[PDB]
Structures are given as structure tokens and as C-alpha cells.
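Residue numbers (the entry's author numbering), protein chains in the order written: chain i, 326 to 453; chain b, 2 to 57; chain k, 28 to 50; chain Z, 2 to 63; chain V, 2 to 103; chain d, 1 to 46; chain U, 2 to 96; chain T, 1 to 110. The structure appears right after this line, and notes come after that.
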Amino acid sequence: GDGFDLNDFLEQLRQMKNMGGXXXXXXXXXXXXXXXXXXXXXXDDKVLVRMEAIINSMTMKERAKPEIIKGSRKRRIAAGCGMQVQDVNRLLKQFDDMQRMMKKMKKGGXXXXXXXXXXXXXXXXXXX
Amino acid sequence: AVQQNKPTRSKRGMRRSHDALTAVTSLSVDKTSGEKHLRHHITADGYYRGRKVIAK
Amino acid sequence: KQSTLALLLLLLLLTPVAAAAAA
Amino acid sequence: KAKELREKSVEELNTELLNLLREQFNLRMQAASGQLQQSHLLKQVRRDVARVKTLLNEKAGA
Amino acid sequence: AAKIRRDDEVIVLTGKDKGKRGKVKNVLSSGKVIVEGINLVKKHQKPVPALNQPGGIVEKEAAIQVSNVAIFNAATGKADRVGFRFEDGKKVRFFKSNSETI
Amino acid sequence: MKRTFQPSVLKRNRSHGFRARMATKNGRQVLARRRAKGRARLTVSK
Amino acid sequence: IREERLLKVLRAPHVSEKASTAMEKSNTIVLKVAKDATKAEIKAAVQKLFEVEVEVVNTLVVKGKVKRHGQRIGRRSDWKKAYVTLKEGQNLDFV
Amino acid sequence: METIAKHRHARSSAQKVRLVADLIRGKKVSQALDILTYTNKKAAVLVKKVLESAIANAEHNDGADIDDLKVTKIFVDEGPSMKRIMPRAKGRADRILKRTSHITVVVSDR
RNA sequence: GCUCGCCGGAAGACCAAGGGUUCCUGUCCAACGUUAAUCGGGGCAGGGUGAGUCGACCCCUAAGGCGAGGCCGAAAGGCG
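What follows is the structure, encoded as C-alpha cells:
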């Protein structure tokens with residue numbers, strides 16, 4: 326009840342990779358597909374298996390309390406999963422985004438927050 | 002009134018001779034928690050003289 | 028109407044975060 | 002083209018011109034809905050139009 | 002009237018690649034050419050998720066001034082200089098030394 | 001207090017506007033001098 | 002009117018929340034049209050090209066914003082917006 | 001082994017920052033960190049930042065044990081200063097100098 | 001959110017003039033804001049102004065202006 330953490334993130338990730346709808350979620354989404362590329366959707370299996378396995382390299386303390394993660398721990402994780410530290414930093418970034426988002430879902434309404442979602446365009450020119 | 006001659010960096014140094022701050026000497030160490038803090042001021046955890054008198 | 032609405036709404040919060048990572 | 006178009010009468014050219022504007026319209030419709038992949042098409046048609054028009058003129062001109 | 006063209010095998014006169022031979026990928030307007038296996042640079046690429054581009058140090062091929070590359074004579078095994086004549090009615094290239102067409 | 005510039009559009013344009021210049025010999029000489037110095041805008045127009 | 006002019010009127014569908022709102026609730030579509038076209042010609046052009054029945058066309062002109070790119074001050078171009086009321090027996094096509 | 005951390009173009013005058021910089025010169029970085037914590041100044045938090053950064057540098061890059069570090073050289077230089085304008089009475093105006101400074105901290109195990 | 005305090009023939013509400021996007025949302029905090037700023041009339045992106053009957057246009061003239069011919073004036077031009 327403290328808030329959103331890597332435990333709930335883990336649950337949502339395993340439920341994700343089990344229920345993964347990339348082909349279906351591409352259909353479920355309409356306004357985002359008109360702007361962003363159609364084939365830009367990443368494969369769920371590889372990415373989410375990588376994420377699950379990398380999370381599995383983490384102790385229970387680094388999960389419930391994600392802000393104690395540092396470089397040496399990233400080394401342990403990367404060496405454990407047999408991958409690059411930049412990927413660990415990548416997944417920590419994605420987890421930061423997810424945490425921020427879910428925090429915004431918890432603070433406001435799901436309808437105000439679902440309608441507050443915006444598609445960023447740096448100009449009216451497409452892809453520029 | 003306004004000065005007659007440009008005062009040298011020397012004078013400017015002298016005037017500032019008194020402007021140095023005083024580093025606080027003591028950091029009191031609270032008994033229970035052990036964190037350092039000011040004399041007579043509560044800690045970062047709200048500890049004072051062994052109580053936790055703020056829940057925060 | 029309400030079916031598809033509620034259905035998609037349940038998982039609605041999980042999708043765009045992964046979609047943003049894909050984009 | 003432009004040899005190909007040159008051997009057609011004025012009527013068939015008016016008809017082609019209208020087809021072209023329908024195609025062009027349809028195209029920038031698709032392009033403003035974000036439904037276009039091949040952009041190079043616009044230029045293709047936008048220029049062909051001119052070709053046709055430039056003929057109509059000289060068939061009236063002389 | 003352009004001397005060095007796509008797909009010519011060339012030899013490199015100048016630079017760290019002096020003496021090396023290779024095949025031309027393309028030419029650029031500024032008088033620069035890009036040659037196979039020639040003038041590798043190590044470039045750092047910020048990973049791009051839209052293009053699924055990983056990060057890392059990519060070895061890439063950097064343009065070389067066309068004055069510095071010579072058209073490679075396969076007959077003589079030497080670098081050559083090129084010239085133009087008219088055979089048939091067509092404008093054609095030849096090697097200056099053995100005066101044979103290309 | 002009440003300063004010197006109290007703006008008005010209709011005033012501005014009847015006084016200095018393009019047509020107002022073109023009305024006269026002198027005005028067309030202004031527009032000559034400007035075109036010769038190569039200004040971005042000659043007159044005051046919207 | 003001539004048809005040749007018509008096909009040159011209608012630039013693009015306008016996409017936004019207001020747009021969607023009217024399209025759903027009041028049965029109305031929103032168009033970016035050539036700056037010079039008029040209510041007559043837009044009525045004509047929709048009725049012709051989408052082949053559906055127009056009731057009335059309301060319009061407005063949008064002044065483009067003013068922008069800065071690399072300190073430079075540019076001006077986005079003007080354009081014309083048209084709220085196009087469909088007689089109710091129609092149901093939308095997007096092509 | 002000496003280690004640098006710098007912060008360049010900080011808003012504060014060289015002068016104001018010097019006051020604090022001259023508080024921590026020479027101490028081992030623990031004691032100095034605390035000196036800085038309970039100093040009430042702006043410069044204090046600037047310099048705290050730079051010092052902490054400096055510790056990270058030492059440990060992570062050069063493999064120094066934190067206990068041993070002292071602050072050997074800490075100096076605040078002048079930065080590029082920006083002109084502004086404050087309008088003054090009777091119409092005259094004033095070119096204002098918004099000053100910046102270079103805080104440079106250097107720590108060593110020796 | 002709660003109390004406190006000020007304006008109320010205004011420190012409220014609506015226009016014309018003048019300005020020209022400052023409007024509304026999201027996002028950011030270098031510079032700008034006489035301090036911080038997570039905030040803004042600041043930055044970047046998006047949205048936003050729907051008329052037979054409200055205005056302008058339009059119909060009619062005031063003072064005044066321009067003014068075919070015309071009168072006048074070295075030239076330009078002045079008067080009508």
C-alpha cells in the first residue's frame with residue numbers, strides 16, 4: 326500500500342507477456358496508429374522475456390524499493406542475465422515511465438488521465 | 002557624496018576581512034537514532050533527545 | 028457497446044506504456 | 002508520356018483530365034488522413050495534370 | 002566527362018589507406034567517393050527505438066576526396082590516369098599508359 | 001500622463017498609407033527613395 | 002458550377018475532439034478547404050464528391066500562429082474551416 | 001591521486017560563493033559535507049552538490065576509498081557575466097550584471 | 001480545503017478603440033518574472049473564433065477630400 330513498485334510492475338509484466346496483444350492492441354488502438362508507424366510495434370515475446378528474466382535477477386529489496394539501485398547492482402543484473410548494462414538502464418527507464426504513468430493514474434481520474442494522454446508532435450510536419 | 006579616487010583592491014580586501022562566515026563547530030549526535038543534527042533542533046527523522054516527537 | 032468499452036477499459040492503462048516503448 | 006497524350010483528341014483529353022483530378026483529389030484525401038505510404042504519387046499526378054493542360058492549350062492555340 | 006564512376010575498381014594513393022584497392026559504392030557531388038573496405042571510421046550511434054536501431058560503435062565508410070583515388074589498371078597492376086576518346090560515335094574512357102579502352 | 005502617440009488605424013492609413021503617398025508627386029518620390037534604399041516595407045500597411 | 006473547380010476545393014478532413022464531438026452528436030463533419038471557397042461551392046462539392054446530403058455549411062477562417070525556428074520569426078499560413086451539416090439519413094464514410 | 005569536479009556557469013557571484021568555499025577547505029569530506037549541510041546560504045547547496053559529485057568521481061573512476069579523501073583545492077573563479085537592463089527614474093537606464101562563477105573542487109586521498 | 005482581510009458607481013460585468021493568439025490543454029524551468037518558483041501573460045507541441053436577423057461590407061449623405069471637361073498658373077502645379 327506504499328505505492329507503485331517493481332512488484333506490481335512485475336505482475337503487470339507477466340500478465341502482459343501472457344496476455345500480450347501487440348497484433349490485437351495495434352487493432353485496439355486507432356488514433357495512435359494514424360500518426361505513428363504501423364510496423365513500429367515491437368515484438369512482445371523477446372522484449373518481455375528479457376524484462377522478466379532481468380527482473381528475476383533482482384532481489385526482493387531492489388523491487389519494493391527501486392530507488393536504491395546503483396551501478397554495481399546493474400553490473401550484477403547484467404552479468405546474471407547475460408546482457409548489457411545499457412539494457413538494464415533501459416528497463417529501469419521504462420519502469421520509471423510506468424511508475425510515473427501509474428502514479429498519474431492514481432492521483433487523478435482514469436477518464437481525466439486517459440483523456441489527458443497526448444501524442445507529441447514537434448511540428449505539423451510528420452516525422453520532424 | 003561619492004568617492005574621489007578608485008579604492009585599491011587592497012582596501013577592498015581589508016573591508017572584507019570581517020565578512021567570513023563561521024562554520025558550526027558541534028554536530029550533536031542524537032542518542033536513539035544516532036543521526037547528527039543541531040543542538041536544540043530536531044533531526045531529519047523528527048527525533049529529539051531520544052523521542053520520536055514528530056511522526057514524519 | 029458497454030461490453031467492448033468495459034473490456035478495453037480494464038486493460039487500457041497497460042497498453043500505451045508498452046506502445047510508447049515500441050514507438 | 003507526352004507523345005502518348007499528343008495523339009489523343011481534345012475530348013479524350015478533357016476526360017483524362019477529370020480522371021486525373023479525381024485521382025489527385027482521392028490521393029491528397031488519403032494523404033491528409035495519414036493513410037499514404039507512397040508520397041511520390043502526388044508529384045506524379047500533380048505534374049501529369051500540367052502535361053495534359055499544356056497540350057489542350059496548343060490544340061486551341063494553333 | 003566524369004573520370005571515376007560507380008563500380009570502378011580503384012586504388013588509393015593518399016591517406017591511411019595508401020596502397021589499398023577496392024570497389025566504389027557511390028559518388029557525391031562535392032567530389033567525394035565512398036570505397037569498399039576503405040577509410041573505415043568508428044562512429045558512435047545513439048540507440049533509436051523507432052528504427053529498432055541498437056546503440057554502439059558502428060564501423061562505417063567515410064567519403065574520400067576523388068583526387069586521392071586512382072582508377073586501378075588490372076592489366077598493369079598499377080594506378081592509372083584516364084582519358085577520353087570517341088569510338089563509334091560514343092564517348093569512351095581509356096588508360097593513358099597502354100591506351101586500351103575500358 | 002497623456003503621451004504623444006494615441007494610435008488609430010484609419011488615421012494612420014489616411015496619413016501615411018500607400019495610396020496616400022501615391023496621390024502626389026512628393027509621395028511617389030518617397031516611394032522612389034524607399035524602393036532605392038530597398039526597404040522591407042515602404043509604407044505602413046497592416 | 003463546373004466540376005473542375007469542385008475537385009480543387011476540399012483539402013482535408015479536420016481531426017480533433019471538437020470535430021469528433023459534432024460528428025457524433027450533431028451529425029456534422031469538419032473540413033479544411035481552400036481559402037477562397039464559399040458556402041455555395043462547399044455545399045456543391047460535398048454533395049457531389051461524397052454524394053451525401055448537405056444541409057448547411059458554416060465557415061470560419063483560422064489565422065495561422067506565429068512561430069520561431071532558430072530565433073527566426075515565421076508565420077504559419079492562414080486557412081479556412083468548414084462545419085458541414087449533413088441531413089440526418091446519412092452515416093459517415095472515411096476514405 | 002587528485003580528482004576534479006566542476007560546475008561551470010552557476011548563478012551566484014564568485015564573491016558570494018567564495019564565502020562558503022573557504023569554509024570547507026582542508027577538511028575530510030565527511031566533516032565538510034556536514035559543515036555544508038547546516039550552513040544557511042545558497043552557495044552552500046551549490047558547493048555541496050559539486051563536492052558530492054567529486055566523491056562519486058573519485059570512487060567510481062579512480063577507486064579511492066571515501067574515508068581518506070580531503071578537500072585539497074577548492075576555488076571559485078569568475079564566469080561569463082550577462083548584461084541586462086533595469087529602467088531607472090527620469091528615463092536613464094542601467095546595464096545590469098547577472099554574474100556567474102566556476103566552482104571547482106578537487107579531492108585527494110593524500 | 002479552512003478561517004482571516006481589501007474592492008464593491010469597482011479593484012465587478014459588457015463593448016468600442018488599440019493590441020494580435022496573450023485564449024484553453026498538456027509539457028518543460030536555461031533565459032525571462034526585480035526572490036524561489038513545481039507557477040505564469042515565459043519556452044515547445046497541440047486545439048480554439050460556426051451567423052439571412054450582432055457588426056463590417058452594402059444603400060444615403062455631413063464637414064472635408066479627389067475631381068472629366070472648364071478657369072488659372074515659368075514647369076511642377078492651384079482652384080473648382
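Ideal Cβ placement from N, Cα and C applies to all residues, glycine included.
Item to complete: Starting from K49/T, follow the alpha helix (DSSP H) in both directions and report where the run begins and ends.
Response: Position 49 of the eighth sequence, counted from the first residue, corresponds to residue 49/T. Residues 42-57.
Worksheet item: Can a CB atom of chain b be found closer than 9 Å to the CB of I35/T?
Response: Locating residue 35/T in the eighth sequence gives position 35, counting from the first residue. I35/T counts as touching chain b.
Item to complete: Please determine, among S100/V, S31/V, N69/V, the residue with the shortest C-alpha to C-alpha distance to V11/V.
Response: The residue you call residue 11/V lines up with position 10 of the fifth sequence. Nearest of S100/V, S31/V, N69/V to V11/V, Cα basis: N69/V.
Fill in: Helix, strand or coil at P14/U [DSSP, three-state]
Numbered from its first residue, the seventh sequence carries residue 14/U at position 13. Three-state result, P14/U: strand.
Item to complete: Buried or exposed for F420/i, please, with buried defined as at least 16 other CB atoms from any protein chain shown within 10 angstroms of its CB.
Response: Counted from its first residue, the first sequence places residue 420/i at position 95. Label assigned to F420/i: buried.
Worksheet item: Between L56/Z and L6/Z, is the Cβ-Cβ spacing less than 9 Å?
Response: For the purposes of this step, residue 56/Z is taken as residue 55 along the fourth sequence, with counting starting at 1. For the purposes of this step, residue 6/Z is taken as residue 5 along the fourth sequence, with counting starting at 1. Contact flag set, yes.
Practice prompt. At 9 Å on the CB atoms, spell out the chain U contacts of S34/Z, in chain order.
Written response: Position 33 of the fourth sequence, counted from the start, is the residue given in the question as residue 34/Z. Chain U residues near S34/Z: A13, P14, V16, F95, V96.
Item to complete: Taking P43/k as part of the alpha helix (DSSP H), name the residues at either end of that continuous run.
Response: Taking the first residue of the third sequence as position 1, residue 43/k is located at position 16. Start and end: 42-49.
Discussion item. Please return the same chain residues whose Cβ sits closer than 6 Å to the Cβ of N57/T, not counting the five positions on each side in sequence.
Written reply: Along the eighth sequence, read from residue 1 onward, the residue named residue 57/T stands at position 57. Correct list, in chain order: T3, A5.
Worksheet item: Is the number of C-beta pairs between the stretch 50-61 of chain V and the stretch 25-39 of chain V that are closer than 8 Å three or more?
Response: no
Worksheet entry | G32/V Cβ short of 8 Å to the ligand ATP heavy atom set | What this structure holds is no ligand at all, so the ligand ATP is not there to describe.
Worksheet item: Using 8 Å as the threshold, is the stretch 37-44 of chain b in touch with the stretch 46-57 of chain T, meaning 3 or more CB pairs across them?
Response: no
Practice prompt. Find the nearest neighbour of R82/V within the set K17/V, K91/V, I103/V, judged by alpha-carbon distance.
Written response: Within the fifth sequence, the letter at position 81 stands for residue 82/V. It is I103/V whose Cα lies nearest to the Cα of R82/V.
Worksheet item: Using a C-beta to C-beta distance shorter than 9 Å, which residues of chain T count as neighbours of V30/b?
Response: To locate residue 30/b, count along the second sequence from 1; it is residue 29. Under the 9 Å cutoff, chain T gives no residues; its nearest Cβ is about 11 Å from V30/b.
Practice prompt. Specify whether the stretch 6-15 of chain T and the stretch 60-80 of chain T touch according to this definition: at least 3 beta carbon pairs, one from each stretch, less than 8 Å apart.
Written response: yes
Item to complete: Measure how close the beta-carbons of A76/V and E101/V come, nearest whole angstrom, since I'm counting them as under 8 Å.
Response: By one-based count along the fifth sequence, residue 76/V stands at place 75. By one-based count along the fifth sequence, residue 101/V stands at place 100. Their Cβ separation, rounded to whole angstroms, is 7 Å, which keeps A76/V and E101/V in contact under 8 Å.
Discussion item. Counting only C-beta atoms, is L69/T closer than 9 Å to chain b at any point?
Written reply: Numbered from its first residue, the eighth sequence carries residue 69/T at position 69. Closer than 9 Å: no.
Worksheet item: Going along chain T in order, which residues have a C-beta closer than 7 Å to the C-beta of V54/b?
Response: Within the second sequence, the letter at position 53 stands for residue 54/b. Neighbours of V54/b on chain T: none; closest Cβ ~20 Å, over 7 Å.
Item to complete: Hey, could you find the ends of the alpha helix (DSSP H) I85/T is sitting in?
Response: By 1-based counting over the eighth sequence, the position of residue 85/T is 85. Note, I85/T: premise wrong, no alpha helix (DSSP H); beta strand (DSSP E) at 82-87.
Practice prompt. Confirm, please, whether the CB-CB distance from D330/i to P391/i is below 9 Å.
Written response: Sequence index remark: in the first sequence, residue 391/i carries index 66 (1-based). Sequence index remark: in the first sequence, residue 330/i carries index 5 (1-based). For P391/i and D330/i, yes; Cβs fall inside 9 Å.
Fill in: Residue range of the alpha helix (DSSP H) that includes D422/i
One-based indexing of the first sequence puts residue 422/i at position 97. Start and end: 410-432.
Discussion item. I want to see whether chain T comes within less than 9 Å of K37/b, judged by CB atoms only; does it?
Written reply: Position 36 of the second sequence, counted from the start, is the residue given in the question as residue 37/b. Yes - at least one Cβ of chain T is within 9 Å of the one on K37/b.
Fill in: Near-chain k residues of the stretch 409-433 of chain i (beta-carbon distance less than 8 Å), N- to C-terminal order
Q419, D422, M423, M426, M427, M430
Worksheet item: Near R375/i, what residues of its chain come up, given a Cβ to Cβ distance below 6 Å and the 5 sequence neighbours on each side ignored?
Response: By 1-based counting over the first sequence, the position of residue 375/i is 50. No residues qualify anywhere along the chain.
Worksheet item: Can you name the residues of chain U whose CB is closer than 8 Å to the CB of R23/Z?
Response: Stepping through the fourth sequence from its first residue, residue 23/Z is reached at position 22. Here the neighbours are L8.
Worksheet item: Around the C-beta of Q25/Z, are 16 or more other C-beta atoms found within 10 angstroms, so that it is buried, or is it exposed?
Response: One-based indexing of the fourth sequence puts residue 25/Z at position 24. That one is buried.
Fill in: Amino acids of chain T, ordered along the chain, whose beta-carbon sits closer than 9 Å to that of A2/b
Counting from one through the second sequence, the residue named residue 2/b turns up at place 1. Under the 9 Å cutoff, chain T gives no residues; its nearest Cβ is about 19 Å from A2/b.
Practice prompt. Could you name the residues of chain k that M341/i contacts, counting a contact when the two beta carbons are closer than 8 Å?
Written response: Taking the first sequence and counting its residues from 1, the one referred to as residue 341/i is at position 16. Neighbours of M341/i on chain k, chain order: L41, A45.
Worksheet entry | Alpha carbon of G38/d to alpha carbon of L31/d, nearest angstrom | Start at 1 with the first residue of the sixth sequence, and residue 38/d comes out as number 38. Start at 1 with the first residue of the sixth sequence, and residue 31/d comes out as number 31. Cα-Cα distance, rounded: 10 Å.
Worksheet item: Residues of chain b with CB under 8 Å from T39/T, in chain order?
Response: Residue mapping note: residue 39/T aligns to position 39 of the eighth sequence, counting from 1. Chain b residues near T39/T: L22, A24, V25.
Fill in: Closest by C-alpha distance to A32/Z, when choosing among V57/U, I30/U, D37/U, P14/U
As a first step, residue 32/Z must be located in the fourth sequence, where it is residue number 31. The candidate whose alpha carbon is nearest that of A32/Z is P14/U.
Discussion item. Considering only the alpha carbon of each residue, which of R86/V, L14/V, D89/V, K4/V lies closest to residue 104/V?
Written reply: Shown here, chain V extends from 2 to 103; a query on residue 104/V therefore has no answer.
Worksheet item: Distance, Cα to Cα, residue 65/Z vs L37/Z?
Response: Past the edges of chain Z, shown from 2 to 63, lies residue 65/Z, and the structure says nothing about it.
Fill in: Against chain b: residues of the stretch 95-107 of chain T by CB proximity under 7 Å
none
Discussion item. Need the endpoints of the beta strand (DSSP E) that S108/T sits in, please.
Written reply: Here residue 108/T refers to the residue found at position 108 of the eighth sequence. It spans 100-108 - the beta strand (DSSP E) in which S108/T sits, taken as one unbroken run.
Fill in: Cross-strand partners of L43/Z (DSSP beta bridge)
Here the question's residue 43/Z lines up with position 42 in the fourth sequence. Bridge partners of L43/Z: none, in fact.
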